[PDB]
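This document starts with one chain, in the form deposited in one PDB entry, laid out as C-alpha coordinates.
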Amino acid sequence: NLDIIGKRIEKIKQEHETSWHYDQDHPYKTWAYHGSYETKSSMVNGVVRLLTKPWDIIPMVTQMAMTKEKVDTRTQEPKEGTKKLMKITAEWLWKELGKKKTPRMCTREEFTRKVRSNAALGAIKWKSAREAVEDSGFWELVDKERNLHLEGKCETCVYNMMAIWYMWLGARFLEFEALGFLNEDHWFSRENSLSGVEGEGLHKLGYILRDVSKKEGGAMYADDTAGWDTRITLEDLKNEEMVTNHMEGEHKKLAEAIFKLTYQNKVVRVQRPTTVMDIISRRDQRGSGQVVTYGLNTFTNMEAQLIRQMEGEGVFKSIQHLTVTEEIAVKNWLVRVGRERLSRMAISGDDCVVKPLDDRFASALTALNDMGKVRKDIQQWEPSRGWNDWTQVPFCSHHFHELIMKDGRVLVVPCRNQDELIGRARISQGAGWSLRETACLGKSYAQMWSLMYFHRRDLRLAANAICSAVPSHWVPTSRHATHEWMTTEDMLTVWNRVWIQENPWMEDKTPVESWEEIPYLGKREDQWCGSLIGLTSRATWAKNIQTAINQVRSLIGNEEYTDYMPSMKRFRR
(Lines give C-alpha, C1' and ligand atoms only; values in the text may rest on other atoms or scores of the structure.)
Protein backbone atom coordinates (compact mmCIF):
# COMPACT_ATOMS: atom_id res chain seq x y z
CA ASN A 1 0.00 0.00 0.00
CA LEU A 2 1.14 3.52 1.02
CA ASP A 3 4.95 2.99 0.62
CA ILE A 4 4.54 2.56 -3.24
CA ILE A 5 1.78 5.26 -3.78
CA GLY A 6 2.45 7.68 -0.82
CA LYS A 7 5.34 9.49 -2.64
CA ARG A 8 2.93 10.43 -5.54
CA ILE A 9 0.22 11.34 -2.92
CA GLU A 10 2.72 13.46 -0.84
CA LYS A 11 3.69 15.55 -3.96
CA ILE A 12 -0.02 16.26 -4.85
CA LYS A 13 -0.86 17.11 -1.14
CA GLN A 14 1.74 20.00 -1.27
CA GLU A 15 0.80 21.52 -4.72
CA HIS A 16 -2.71 22.17 -3.20
CA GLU A 17 -1.80 22.72 0.53
CA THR A 18 -4.49 25.52 0.70
CA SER A 19 -7.41 23.19 -0.36
CA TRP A 20 -6.49 19.70 1.10
CA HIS A 21 -9.98 18.84 2.56
CA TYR A 22 -11.09 15.21 3.39
CA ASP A 23 -14.78 15.24 2.20
CA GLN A 24 -16.23 12.67 4.71
CA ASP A 25 -19.24 12.16 2.30
CA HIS A 26 -16.91 10.60 -0.39
CA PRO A 27 -18.83 8.29 -2.80
CA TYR A 28 -15.97 5.68 -3.19
CA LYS A 29 -16.45 2.10 -1.85
CA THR A 30 -13.95 -0.03 -3.92
CA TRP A 31 -11.50 2.88 -4.67
CA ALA A 32 -9.20 3.80 -1.69
CA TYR A 33 -9.80 7.59 -1.13
CA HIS A 34 -6.91 9.77 0.24
CA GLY A 35 -8.12 13.43 -0.04
CA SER A 36 -9.62 16.27 -2.17
CA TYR A 37 -8.65 19.80 -3.43
CA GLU A 38 -10.18 22.76 -5.39
CA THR A 39 -10.53 22.76 -9.26
CA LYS A 40 -12.98 24.09 -11.95
CA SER A 41 -18.87 17.76 -26.94
CA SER A 42 -19.60 16.27 -30.42
CA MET A 43 -19.82 18.95 -33.21
CA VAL A 44 -21.53 18.38 -36.63
CA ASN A 45 -19.47 18.16 -39.85
CA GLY A 46 -21.40 20.56 -42.17
CA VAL A 47 -19.83 19.26 -45.40
CA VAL A 48 -20.98 15.63 -44.76
CA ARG A 49 -24.43 16.72 -43.41
CA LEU A 50 -25.19 18.99 -46.44
CA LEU A 51 -24.39 15.97 -48.74
CA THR A 52 -26.54 13.45 -46.74
CA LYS A 53 -29.87 15.38 -46.58
CA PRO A 54 -32.28 12.32 -46.52
CA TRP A 55 -30.68 11.36 -43.14
CA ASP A 56 -31.67 14.74 -41.58
CA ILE A 57 -35.11 13.14 -40.65
CA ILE A 58 -33.71 9.72 -39.39
CA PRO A 59 -33.45 9.78 -35.57
CA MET A 60 -30.85 6.95 -35.42
CA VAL A 61 -28.51 9.36 -37.36
CA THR A 62 -29.53 12.74 -35.88
CA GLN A 63 -29.54 11.55 -32.22
CA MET A 64 -25.87 10.38 -32.48
CA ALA A 65 -24.73 14.08 -32.60
CA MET A 66 -26.72 15.16 -29.41
CA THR A 67 -25.70 15.31 -25.68
CA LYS A 68 -19.14 5.39 -13.54
CA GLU A 69 -20.80 2.63 -11.43
CA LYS A 70 -18.75 -0.08 -13.25
CA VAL A 71 -15.27 1.21 -12.22
CA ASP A 72 -16.38 1.47 -8.55
CA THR A 73 -16.96 -2.33 -8.49
CA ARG A 74 -14.96 -5.27 -6.99
CA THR A 75 -13.81 -8.61 -8.57
CA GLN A 76 -13.39 -11.73 -6.31
CA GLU A 77 -10.01 -13.64 -6.19
CA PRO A 78 -10.03 -16.76 -8.42
CA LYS A 79 -9.82 -20.30 -6.86
CA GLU A 80 -6.40 -22.09 -6.72
CA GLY A 81 -7.25 -24.34 -9.73
CA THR A 82 -8.11 -21.19 -11.82
CA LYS A 83 -4.83 -19.36 -10.71
CA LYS A 84 -2.71 -22.44 -11.73
CA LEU A 85 -4.49 -22.71 -15.19
CA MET A 86 -3.84 -19.00 -15.86
CA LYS A 87 -0.12 -19.14 -14.71
CA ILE A 88 0.69 -22.27 -16.83
CA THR A 89 -1.19 -20.82 -19.86
CA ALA A 90 0.37 -17.33 -19.55
CA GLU A 91 3.92 -18.82 -19.14
CA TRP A 92 3.35 -20.92 -22.29
CA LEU A 93 1.80 -17.99 -24.27
CA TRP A 94 4.66 -15.45 -23.62
CA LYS A 95 7.20 -18.14 -24.74
CA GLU A 96 5.17 -18.77 -27.98
CA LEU A 97 4.82 -15.00 -28.72
CA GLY A 98 8.59 -14.61 -27.95
CA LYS A 99 9.90 -17.48 -30.20
CA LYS A 100 10.28 -15.15 -33.27
CA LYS A 101 10.42 -11.69 -31.57
CA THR A 102 12.96 -9.88 -29.30
CA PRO A 103 11.77 -7.53 -26.55
CA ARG A 104 13.52 -4.11 -26.73
CA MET A 105 13.17 -0.49 -25.53
CA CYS A 106 11.43 2.07 -27.76
CA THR A 107 13.41 5.31 -28.22
CA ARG A 108 12.96 9.07 -27.58
CA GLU A 109 13.53 9.31 -31.39
CA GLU A 110 10.59 6.84 -31.98
CA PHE A 111 8.39 8.65 -29.37
CA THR A 112 9.21 12.11 -30.92
CA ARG A 113 8.27 10.74 -34.43
CA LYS A 114 4.84 9.54 -33.04
CA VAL A 115 3.88 12.95 -31.43
CA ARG A 116 4.73 14.75 -34.77
CA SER A 117 2.34 12.29 -36.61
CA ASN A 118 -0.65 13.21 -34.31
CA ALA A 119 -0.85 9.68 -32.72
CA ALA A 120 -3.40 9.40 -29.82
CA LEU A 121 -1.18 8.91 -26.67
CA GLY A 122 -3.73 10.16 -24.05
CA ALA A 123 -1.54 12.98 -22.57
CA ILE A 124 -2.71 15.83 -20.21
CA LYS A 125 4.66 24.85 -18.94
CA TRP A 126 4.08 23.24 -22.43
CA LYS A 127 0.88 23.87 -24.51
CA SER A 128 1.10 20.73 -26.79
CA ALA A 129 3.31 17.59 -26.53
CA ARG A 130 5.22 18.69 -29.68
CA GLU A 131 6.64 21.68 -27.72
CA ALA A 132 7.53 19.40 -24.76
CA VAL A 133 9.41 16.83 -26.92
CA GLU A 134 11.36 19.76 -28.46
CA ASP A 135 12.28 21.11 -24.97
CA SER A 136 15.29 19.44 -23.23
CA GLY A 137 13.67 20.58 -19.90
CA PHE A 138 10.88 17.97 -20.44
CA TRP A 139 13.52 15.21 -21.04
CA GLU A 140 15.22 16.50 -17.80
CA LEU A 141 11.88 15.73 -15.98
CA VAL A 142 11.66 12.29 -17.78
CA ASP A 143 15.28 11.48 -16.66
CA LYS A 144 14.48 12.25 -12.96
CA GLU A 145 11.48 9.80 -13.04
CA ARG A 146 13.46 7.29 -15.20
CA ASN A 147 16.13 7.12 -12.39
CA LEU A 148 13.33 6.93 -9.73
CA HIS A 149 11.92 3.75 -11.49
CA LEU A 150 15.47 2.11 -11.69
CA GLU A 151 15.43 2.77 -7.88
CA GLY A 152 11.96 1.03 -7.64
CA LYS A 153 10.01 4.25 -6.67
CA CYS A 154 7.55 6.67 -8.50
CA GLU A 155 6.67 10.44 -8.13
CA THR A 156 4.75 11.76 -11.20
CA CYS A 157 3.10 8.63 -12.87
CA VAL A 158 -0.55 9.56 -11.90
CA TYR A 159 -3.79 8.79 -13.84
CA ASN A 160 -6.51 11.42 -14.64
CA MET A 161 -10.06 9.91 -15.20
CA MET A 162 -12.58 11.24 -17.87
CA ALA A 163 -13.22 5.19 -19.78
CA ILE A 164 -9.89 6.99 -20.62
CA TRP A 165 -6.94 7.37 -18.16
CA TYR A 166 -4.82 10.34 -19.43
CA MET A 167 -1.28 10.67 -17.87
CA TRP A 168 1.58 13.27 -18.16
CA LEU A 169 3.68 12.77 -21.37
CA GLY A 170 6.75 11.76 -19.24
CA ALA A 171 4.84 8.76 -17.74
CA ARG A 172 3.43 7.96 -21.27
CA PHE A 173 7.02 8.01 -22.72
CA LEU A 174 8.27 5.77 -19.85
CA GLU A 175 5.31 3.39 -20.56
CA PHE A 176 6.22 3.50 -24.36
CA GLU A 177 9.95 3.00 -23.70
CA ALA A 178 9.30 -0.19 -21.66
CA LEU A 179 6.22 -1.79 -23.38
CA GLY A 180 5.87 -0.06 -26.83
CA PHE A 181 7.66 -3.01 -28.44
CA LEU A 182 4.41 -5.13 -28.13
CA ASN A 183 2.73 -2.80 -30.70
CA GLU A 184 5.82 -1.34 -32.51
CA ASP A 185 7.10 -4.91 -33.31
CA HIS A 186 3.63 -6.46 -33.97
CA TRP A 187 3.58 -9.14 -31.20
CA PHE A 188 -0.26 -9.58 -31.70
CA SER A 189 0.00 -9.87 -35.54
CA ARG A 190 -1.86 -12.96 -36.92
CA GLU A 191 1.49 -14.49 -38.20
CA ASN A 192 3.14 -14.20 -34.71
CA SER A 193 0.18 -14.80 -32.28
CA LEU A 194 -2.16 -17.02 -34.51
CA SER A 195 -5.32 -15.63 -32.67
CA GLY A 196 -4.45 -11.90 -33.09
CA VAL A 197 -5.41 -9.47 -35.88
CA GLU A 198 -3.12 -6.49 -34.96
CA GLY A 199 -2.30 -4.58 -38.18
CA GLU A 200 -4.75 -6.65 -40.29
CA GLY A 201 -7.25 -4.01 -41.49
CA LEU A 202 -11.07 -4.19 -41.90
CA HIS A 203 -10.69 -5.54 -45.51
CA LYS A 204 -8.84 -8.62 -44.01
CA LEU A 205 -11.07 -9.47 -40.97
CA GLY A 206 -13.88 -11.09 -43.06
CA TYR A 207 -11.36 -13.33 -44.89
CA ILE A 208 -9.87 -14.28 -41.49
CA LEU A 209 -13.33 -15.24 -40.05
CA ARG A 210 -14.10 -17.35 -43.21
CA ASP A 211 -10.70 -19.18 -42.74
CA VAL A 212 -11.70 -19.98 -39.08
CA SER A 213 -15.13 -21.22 -40.41
CA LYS A 214 -13.22 -23.80 -42.59
CA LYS A 215 -11.97 -25.68 -39.47
CA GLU A 216 -13.92 -28.78 -38.37
CA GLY A 217 -15.70 -28.05 -35.09
CA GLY A 218 -18.79 -26.58 -33.48
CA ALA A 219 -20.65 -23.24 -33.74
CA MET A 220 -18.76 -19.89 -33.88
CA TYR A 221 -18.99 -18.24 -30.42
CA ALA A 222 -18.67 -14.49 -30.00
CA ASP A 223 -19.46 -13.74 -26.34
CA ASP A 224 -18.87 -10.12 -25.24
CA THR A 225 -17.55 -9.51 -21.67
CA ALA A 226 -19.45 -6.99 -19.50
CA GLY A 227 -16.90 -4.16 -18.74
CA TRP A 228 -13.70 -6.08 -19.66
CA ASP A 229 -11.28 -3.36 -18.27
CA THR A 230 -13.11 -3.48 -14.86
CA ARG A 231 -12.80 -7.34 -14.66
CA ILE A 232 -8.94 -7.42 -14.94
CA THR A 233 -7.82 -9.06 -11.65
CA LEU A 234 -4.51 -8.55 -9.80
CA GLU A 235 -3.80 -12.20 -10.89
CA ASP A 236 -4.26 -11.10 -14.57
CA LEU A 237 -1.78 -8.16 -14.01
CA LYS A 238 0.79 -10.65 -12.51
CA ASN A 239 0.44 -13.03 -15.53
CA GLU A 240 0.86 -10.03 -17.94
CA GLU A 241 4.05 -8.98 -15.94
CA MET A 242 5.71 -12.33 -16.92
CA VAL A 243 6.66 -10.72 -20.29
CA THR A 244 9.62 -9.21 -18.15
CA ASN A 245 10.97 -12.83 -17.78
CA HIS A 246 12.04 -12.50 -21.49
CA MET A 247 13.88 -9.17 -21.01
CA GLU A 248 17.37 -8.18 -19.68
CA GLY A 249 19.52 -5.23 -18.57
CA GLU A 250 17.92 -1.77 -18.02
CA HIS A 251 14.84 -2.81 -20.11
CA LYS A 252 13.93 -5.60 -17.62
CA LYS A 253 14.14 -3.08 -14.70
CA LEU A 254 12.28 -0.30 -16.54
CA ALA A 255 9.43 -2.79 -17.56
CA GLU A 256 9.24 -4.30 -14.00
CA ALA A 257 8.71 -0.70 -12.66
CA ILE A 258 5.88 0.12 -15.13
CA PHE A 259 4.04 -3.12 -14.04
CA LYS A 260 4.80 -2.79 -10.23
CA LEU A 261 4.42 1.01 -9.73
CA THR A 262 1.80 2.16 -12.33
CA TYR A 263 -0.30 -0.96 -13.28
CA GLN A 264 -0.43 -3.06 -10.04
CA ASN A 265 -0.54 0.08 -7.71
CA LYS A 266 -2.36 3.12 -9.33
CA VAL A 267 -3.11 6.78 -8.33
CA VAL A 268 -5.97 8.64 -10.06
CA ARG A 269 -7.51 12.15 -10.06
CA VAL A 270 -11.33 12.35 -10.74
CA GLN A 271 -13.53 15.53 -10.94
CA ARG A 272 -16.65 15.39 -8.63
CA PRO A 273 -19.17 18.28 -9.12
CA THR A 274 -20.11 18.53 -5.33
CA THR A 275 -16.14 21.09 -8.36
CA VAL A 276 -13.30 19.26 -6.44
CA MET A 277 -10.56 16.71 -7.42
CA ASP A 278 -10.46 13.27 -5.63
CA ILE A 279 -7.13 11.36 -5.26
CA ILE A 280 -8.06 7.68 -5.20
CA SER A 281 -5.93 4.51 -5.51
CA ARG A 282 -6.62 0.84 -6.49
CA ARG A 283 -4.34 -2.08 -7.46
CA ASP A 284 -6.58 -4.10 -9.85
CA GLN A 285 -8.52 -3.21 -13.06
CA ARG A 286 -6.96 -1.99 -16.35
CA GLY A 287 -5.54 1.57 -16.42
CA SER A 288 -2.78 2.02 -19.05
CA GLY A 289 -2.16 3.73 -22.43
CA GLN A 290 -4.83 2.65 -24.99
CA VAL A 291 -2.09 0.96 -27.16
CA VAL A 292 -0.54 -1.09 -24.28
CA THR A 293 -4.14 -1.73 -23.04
CA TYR A 294 -4.95 -3.19 -26.51
CA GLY A 295 -2.00 -5.66 -26.47
CA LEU A 296 -2.44 -6.87 -22.86
CA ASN A 297 -6.27 -7.20 -23.35
CA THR A 298 -5.47 -9.35 -26.45
CA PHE A 299 -2.95 -11.47 -24.41
CA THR A 300 -5.28 -12.03 -21.41
CA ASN A 301 -8.29 -12.72 -23.77
CA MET A 302 -6.23 -15.32 -25.70
CA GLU A 303 -5.34 -16.96 -22.32
CA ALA A 304 -8.97 -16.95 -21.04
CA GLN A 305 -10.31 -18.39 -24.32
CA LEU A 306 -7.63 -21.23 -24.43
CA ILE A 307 -8.68 -22.15 -20.82
CA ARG A 308 -12.41 -22.08 -21.83
CA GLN A 309 -11.42 -24.39 -24.74
CA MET A 310 -9.50 -26.69 -22.23
CA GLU A 311 -12.64 -26.82 -20.01
CA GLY A 312 -14.87 -27.90 -22.95
CA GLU A 313 -12.40 -30.64 -24.04
CA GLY A 314 -12.33 -32.05 -20.43
CA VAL A 315 -8.55 -31.34 -19.93
CA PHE A 316 -9.26 -30.54 -16.23
CA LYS A 317 -12.27 -31.61 -14.05
CA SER A 318 -12.60 -28.72 -11.53
CA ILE A 319 -11.33 -25.14 -10.94
CA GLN A 320 -11.22 -25.83 -7.15
CA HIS A 321 -7.74 -27.43 -7.47
CA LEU A 322 -5.50 -28.88 -10.23
CA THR A 323 -3.89 -32.22 -9.28
CA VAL A 324 -0.23 -32.91 -10.21
CA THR A 325 -1.24 -35.04 -13.26
CA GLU A 326 -3.81 -32.39 -14.45
CA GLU A 327 -0.95 -29.80 -14.48
CA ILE A 328 1.05 -32.13 -16.81
CA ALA A 329 -2.11 -32.81 -18.94
CA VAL A 330 -2.67 -28.99 -19.32
CA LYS A 331 1.01 -28.40 -20.26
CA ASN A 332 0.89 -31.39 -22.69
CA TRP A 333 -2.39 -30.11 -24.28
CA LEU A 334 -0.65 -26.70 -24.85
CA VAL A 335 2.57 -28.26 -26.37
CA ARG A 336 0.55 -30.77 -28.47
CA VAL A 337 -2.44 -28.68 -29.75
CA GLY A 338 -2.01 -25.08 -28.31
CA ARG A 339 -1.03 -23.50 -31.66
CA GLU A 340 -3.95 -25.29 -33.47
CA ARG A 341 -6.38 -24.01 -30.77
CA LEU A 342 -5.00 -20.38 -31.14
CA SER A 343 -5.73 -20.57 -34.91
CA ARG A 344 -9.44 -21.37 -34.08
CA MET A 345 -9.76 -17.78 -32.72
CA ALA A 346 -9.85 -14.14 -33.87
CA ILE A 347 -9.06 -11.85 -30.95
CA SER A 348 -8.94 -8.02 -30.96
CA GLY A 349 -8.45 -6.87 -27.36
CA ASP A 350 -11.63 -7.74 -25.38
CA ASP A 351 -13.39 -8.83 -28.63
CA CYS A 352 -13.27 -12.55 -29.66
CA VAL A 353 -14.59 -15.18 -32.06
CA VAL A 354 -13.86 -18.86 -31.25
CA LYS A 355 -14.60 -21.99 -33.34
CA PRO A 356 -14.01 -24.73 -30.71
CA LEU A 357 -13.52 -28.46 -31.41
CA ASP A 358 -17.27 -29.04 -30.54
CA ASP A 359 -20.27 -27.40 -28.77
CA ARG A 360 -19.21 -28.60 -25.25
CA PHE A 361 -17.54 -25.07 -25.17
CA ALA A 362 -21.08 -23.48 -24.99
CA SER A 363 -21.64 -24.72 -21.35
CA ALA A 364 -17.95 -24.71 -20.21
CA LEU A 365 -18.47 -21.64 -17.91
CA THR A 366 -16.78 -22.38 -14.51
CA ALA A 367 -13.22 -21.07 -15.37
CA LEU A 368 -14.62 -18.12 -17.45
CA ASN A 369 -16.91 -16.97 -14.56
CA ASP A 370 -14.23 -17.66 -11.89
CA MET A 371 -11.57 -15.58 -13.87
CA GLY A 372 -14.15 -12.71 -13.61
CA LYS A 373 -14.81 -12.61 -17.43
CA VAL A 374 -18.65 -12.64 -16.99
CA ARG A 375 -20.62 -12.60 -20.30
CA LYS A 376 -22.80 -9.55 -21.24
CA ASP A 377 -26.65 -9.93 -21.65
CA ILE A 378 -27.03 -13.64 -20.57
CA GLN A 379 -27.47 -15.31 -17.12
CA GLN A 380 -24.24 -16.48 -15.54
CA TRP A 381 -24.92 -20.21 -16.06
CA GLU A 382 -27.04 -20.21 -19.29
CA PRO A 383 -25.04 -21.83 -22.16
CA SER A 384 -23.64 -19.50 -24.89
CA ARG A 385 -25.62 -19.25 -28.20
CA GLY A 386 -23.27 -19.89 -31.18
CA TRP A 387 -23.50 -18.72 -34.82
CA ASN A 388 -23.89 -21.36 -37.55
CA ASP A 389 -22.76 -19.01 -40.40
CA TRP A 390 -19.54 -16.91 -40.38
CA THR A 391 -21.47 -14.19 -42.35
CA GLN A 392 -23.71 -13.58 -39.24
CA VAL A 393 -20.85 -13.44 -36.61
CA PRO A 394 -20.28 -10.00 -35.02
CA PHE A 395 -16.58 -8.88 -34.77
CA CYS A 396 -15.03 -5.36 -34.26
CA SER A 397 -18.54 -3.76 -34.63
CA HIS A 398 -19.02 -5.37 -38.13
CA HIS A 399 -20.42 -8.40 -39.93
CA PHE A 400 -19.08 -9.65 -43.26
CA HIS A 401 -20.68 -10.47 -46.64
CA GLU A 402 -19.47 -12.81 -49.45
CA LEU A 403 -19.88 -10.74 -52.68
CA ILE A 404 -19.34 -12.31 -56.10
CA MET A 405 -17.95 -10.04 -58.85
CA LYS A 406 -19.49 -10.14 -62.37
CA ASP A 407 -16.18 -11.85 -63.41
CA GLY A 408 -16.60 -14.67 -60.77
CA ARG A 409 -13.89 -13.51 -58.28
CA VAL A 410 -14.91 -13.48 -54.56
CA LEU A 411 -14.81 -10.44 -52.26
CA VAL A 412 -15.35 -10.74 -48.46
CA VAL A 413 -16.47 -7.23 -47.39
CA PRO A 414 -17.05 -5.48 -44.04
CA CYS A 415 -20.51 -4.09 -43.19
CA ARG A 416 -22.56 -2.56 -40.43
CA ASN A 417 -25.89 -0.80 -40.11
CA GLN A 418 -25.66 2.21 -42.50
CA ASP A 419 -27.26 4.61 -39.97
CA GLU A 420 -24.17 4.07 -37.70
CA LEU A 421 -21.78 4.86 -40.62
CA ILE A 422 -23.58 8.04 -41.72
CA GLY A 423 -24.12 9.22 -38.14
CA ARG A 424 -20.35 8.83 -37.32
CA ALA A 425 -19.19 10.69 -40.52
CA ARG A 426 -21.47 13.65 -39.53
CA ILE A 427 -19.52 14.19 -36.22
CA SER A 428 -16.20 16.04 -35.61
CA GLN A 429 -14.39 16.33 -32.19
CA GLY A 430 -12.72 19.51 -30.78
CA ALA A 431 -12.63 23.25 -31.53
CA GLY A 432 -11.13 25.71 -34.06
CA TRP A 433 -11.97 23.72 -37.23
CA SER A 434 -11.62 25.84 -40.43
CA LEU A 435 -13.97 25.10 -43.42
CA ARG A 436 -10.92 23.53 -45.19
CA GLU A 437 -10.13 21.22 -42.24
CA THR A 438 -13.88 20.22 -41.95
CA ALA A 439 -13.89 19.47 -45.73
CA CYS A 440 -10.66 17.35 -45.44
CA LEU A 441 -12.27 15.27 -42.58
CA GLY A 442 -15.37 14.71 -44.76
CA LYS A 443 -13.02 13.57 -47.52
CA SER A 444 -11.36 11.01 -45.16
CA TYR A 445 -14.82 9.45 -44.40
CA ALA A 446 -15.71 9.51 -48.11
CA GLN A 447 -12.47 7.69 -49.13
CA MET A 448 -12.95 5.18 -46.24
CA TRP A 449 -16.45 4.45 -47.71
CA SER A 450 -15.16 3.99 -51.35
CA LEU A 451 -12.58 1.44 -50.04
CA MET A 452 -14.50 -0.51 -47.33
CA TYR A 453 -18.27 0.12 -48.03
CA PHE A 454 -18.32 0.51 -51.90
CA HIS A 455 -20.94 -2.36 -51.86
CA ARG A 456 -23.57 -0.10 -50.13
CA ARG A 457 -25.42 1.90 -52.86
CA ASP A 458 -25.98 5.02 -50.64
CA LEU A 459 -22.36 5.23 -49.39
CA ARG A 460 -20.72 4.84 -52.86
CA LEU A 461 -23.02 7.66 -54.09
CA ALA A 462 -22.40 9.90 -51.03
CA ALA A 463 -18.59 9.19 -51.20
CA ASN A 464 -18.57 10.27 -54.90
CA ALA A 465 -20.59 13.40 -53.98
CA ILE A 466 -18.23 14.43 -51.09
CA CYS A 467 -15.08 13.79 -53.26
CA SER A 468 -16.70 15.95 -56.01
CA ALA A 469 -17.53 18.75 -53.47
CA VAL A 470 -14.04 18.96 -51.86
CA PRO A 471 -11.12 20.38 -53.94
CA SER A 472 -9.39 17.45 -55.77
CA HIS A 473 -5.88 18.16 -54.26
CA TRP A 474 -6.90 18.82 -50.62
CA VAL A 475 -5.41 16.10 -48.40
CA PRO A 476 -7.80 14.10 -46.16
CA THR A 477 -7.08 14.65 -42.40
CA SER A 478 -7.96 13.05 -39.01
CA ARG A 479 -7.31 15.42 -36.05
CA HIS A 480 -4.29 -2.46 -35.05
CA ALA A 481 -5.85 -1.31 -38.38
CA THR A 482 -4.70 0.04 -41.80
CA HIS A 483 -5.74 3.48 -43.19
CA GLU A 484 -5.36 3.10 -47.01
CA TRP A 485 -8.04 5.83 -47.49
CA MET A 486 -5.80 8.53 -46.02
CA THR A 487 -4.16 9.57 -49.34
CA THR A 488 -4.46 11.73 -52.49
CA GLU A 489 -3.83 8.75 -54.86
CA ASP A 490 -6.80 7.90 -57.15
CA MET A 491 -9.29 5.67 -55.15
CA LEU A 492 -9.69 3.18 -58.06
CA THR A 493 -5.89 2.61 -57.97
CA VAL A 494 -6.00 2.13 -54.14
CA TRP A 495 -9.06 -0.23 -54.52
CA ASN A 496 -7.07 -2.40 -57.01
CA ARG A 497 -4.04 -2.54 -54.71
CA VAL A 498 -6.04 -3.50 -51.53
CA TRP A 499 -8.75 -5.88 -52.95
CA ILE A 500 -6.76 -7.46 -55.89
CA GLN A 501 -2.94 -6.99 -56.02
CA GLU A 502 -2.12 -7.34 -52.25
CA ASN A 503 -5.15 -9.61 -51.39
CA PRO A 504 -3.71 -13.07 -50.47
CA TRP A 505 -7.21 -14.67 -50.94
CA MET A 506 -7.48 -13.46 -54.66
CA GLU A 507 -5.49 -15.77 -57.02
CA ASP A 508 -6.40 -13.92 -60.32
CA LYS A 509 -4.56 -10.54 -60.23
CA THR A 510 -6.38 -9.01 -63.29
CA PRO A 511 -6.90 -5.27 -62.44
CA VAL A 512 -10.42 -3.79 -62.43
CA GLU A 513 -10.62 -0.95 -65.08
CA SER A 514 -13.67 0.97 -63.75
CA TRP A 515 -15.94 1.36 -60.69
CA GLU A 516 -18.81 -0.30 -62.73
CA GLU A 517 -16.96 -3.68 -62.55
CA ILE A 518 -17.15 -3.35 -58.70
CA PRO A 519 -20.36 -5.00 -57.35
CA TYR A 520 -22.99 -4.00 -54.72
CA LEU A 521 -24.76 -6.31 -52.17
CA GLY A 522 -28.25 -7.50 -53.26
CA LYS A 523 -30.82 -4.63 -53.30
CA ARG A 524 -32.77 -6.48 -50.56
CA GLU A 525 -29.56 -7.19 -48.52
CA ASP A 526 -28.65 -3.41 -48.85
CA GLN A 527 -32.08 -2.47 -47.42
CA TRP A 528 -31.68 -5.05 -44.59
CA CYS A 529 -28.31 -3.36 -43.65
CA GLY A 530 -30.06 0.10 -43.58
CA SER A 531 -30.13 1.44 -47.24
CA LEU A 532 -32.77 4.10 -48.10
CA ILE A 533 -32.84 2.77 -51.74
CA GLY A 534 -36.61 2.63 -52.66
CA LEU A 535 -37.59 5.76 -50.66
CA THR A 536 -38.76 8.97 -52.37
CA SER A 537 -36.39 11.09 -50.16
CA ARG A 538 -33.44 8.98 -51.48
CA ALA A 539 -34.50 9.08 -55.19
CA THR A 540 -34.79 12.91 -55.03
CA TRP A 541 -31.36 13.19 -53.35
CA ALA A 542 -29.69 10.89 -55.98
CA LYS A 543 -31.40 12.66 -58.93
CA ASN A 544 -30.54 16.23 -57.68
CA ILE A 545 -27.00 15.35 -56.30
CA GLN A 546 -25.21 17.95 -58.58
CA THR A 547 -27.27 20.70 -56.82
CA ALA A 548 -25.99 19.53 -53.37
CA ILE A 549 -22.38 19.24 -54.65
CA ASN A 550 -22.67 22.80 -56.10
CA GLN A 551 -24.06 24.13 -52.76
CA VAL A 552 -20.91 22.89 -50.95
CA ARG A 553 -18.55 24.09 -53.79
CA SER A 554 -20.13 27.61 -53.54
CA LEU A 555 -19.45 27.66 -49.74
CA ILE A 556 -15.77 26.51 -50.08
CA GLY A 557 -15.31 28.93 -53.09
CA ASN A 558 -13.42 29.06 -56.45
CA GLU A 559 -11.05 26.04 -56.07
CA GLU A 560 -10.17 23.17 -58.46
CA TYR A 561 -12.80 20.36 -58.27
CA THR A 562 -13.29 17.01 -60.18
CA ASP A 563 -16.75 15.50 -61.02
CA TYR A 564 -16.60 11.84 -59.77
CA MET A 565 -20.40 11.20 -60.33
CA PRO A 566 -19.95 9.81 -63.97
CA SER A 567 -17.91 6.81 -62.45
CA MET A 568 -21.49 5.52 -61.60
CA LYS A 569 -23.66 4.08 -64.48
CA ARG A 570 -26.76 6.32 -63.74
CA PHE A 571 -24.75 9.67 -64.15
CA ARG A 572 -23.01 8.17 -67.23
CA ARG A 573 -25.38 9.58 -69.96
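Definition used throughout: the rigid core is the maximal C-alpha set that superposes within 1.5 Å between two forms. Start at 1 with the first residue shown and count on from there.
Omitted from view is the form deposited in another entry, to which the following refers.
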**Message:** Which one moved? Candidates are 85, 179, 347, 470, criterion is a Cα shift of 2 Å or more between this form and the one not shown after superposing on the core.
**Reply:** 470
**Request:** Could you tell me whether the Cα atom of residue 14 shifts by at least 2 Å between this form and the one not shown after core superposition?
**Result:** no
**Request:** Determine whether the C-alpha of residue 319 shifts by 2 Å or more between this form and the one not shown once the rigid core is superposed.
**Result:** no
**Request:** Using a superposition on the rigid core, decide whether the Cα position of residue 446 changes by 2 angstroms or more between this form and the one not shown.
**Result:** yes
**Prompt:** So the C-alpha spacing of residue 154 and residue 290 changes by 3 Å or more in the other form; is that change toward closer or farther than shown?
**Reply:** closer
**Asked** Relative to the form shown here, do the C-alpha atoms of residue 290 and residue 144 sit closer together or farther apart in the other form, given a change of 3 Å or more?
**Response** closer
